[PDB]
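K.L.:
Here is my input; please provide its structure:
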Amino acid sequence: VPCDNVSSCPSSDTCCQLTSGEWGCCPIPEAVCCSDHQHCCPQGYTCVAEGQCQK
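P.N.:
Residues are numbered from 1 along each chain as shown. Take a look at the structure below.
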């Protein structure tokens, strides 16, 4: 888990730092990928019409 050695996060987590000094782990909301690189949809789906998710 690449996220410094000052904190500890389980599974794929994002490194959210405070006002410089301490590093924390932010709750990962399942960051998947879709067709466009400006959105994200559940694994197996895609971003259509830039709003909903399709198959």
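K.L.:
Centroid-nearest residue for the chain?
P.N.:
Among the residues of the chain, the smallest C-alpha distance to the mean C-alpha position (C-alpha atoms, centre = their mean) belongs to residue 31, namely 3.7 Å.
K.L.:
Just list the residues touching the residue lying closest to that one once chain neighbours are set aside, thanks.
P.N.:
Leaving out its chain neighbours, the residue that sits closest to residue 31 by C-beta to C-beta, 6 or more residues apart in numbering is residue 40, at 6.1 Å. The way it works is simple: take the backbone N, C-alpha and C, and place the C-beta from them, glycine included. Shown in contact with residue 40 (C-beta atoms under 8 Å, 6 or more residues apart in numbering): 31-34, 47.
K.L.:
out of the residues you listed, who's nearest residue 53?
P.N.:
For the contacts of residue 40, the minimum distance to residue 53 (C-beta to C-beta) is 6.3 Å, reached by residue 47.
K.L.:
how much space is there between the residue nearest to residue 31 and residue 49?
P.N.:
Counting by C-beta to C-beta, to the nearest Å, the gap between residue 40 and residue 49 amounts to 15 Å.
K.L.:
Over to residue 43?
P.N.:
Following C-beta to C-beta, the distance that separates residue 43 from residue 49 is 20 Å.
K.L.:
Verify the stated contact: residue 16 with residue 22.
P.N.:
No. Residue 16 lies out of contact with residue 22 (C-beta atoms under 8 Å); the separation is 10.2 Å.
K.L.:
So between the two, which is more surrounded?
P.N.:
Each of residue 16 and residue 22 has its neighbours counted (other C-beta atoms under 10 Å); residue 16 has more, 13 against 10.
K.L.:
Keeping just the C-alphas, turn the host helix or strand of that one into CSV.
P.N.:
When elements are assigned from DSSP states H and E, residue 16 belongs to strand 14-17. Output in CSV follows, covering the C-alpha atoms of strand 14-17 (Å, rounded to 0.1, in the frame of the first residue of the first chain):
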residue,chain,number,x,y,z
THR,A,14,-5.9,7.5,-1.6
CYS,A,15,-3.3,9.6,0.3
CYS,A,16,-5.1,12.6,1.7
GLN,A,17,-2.7,15.0,3.4
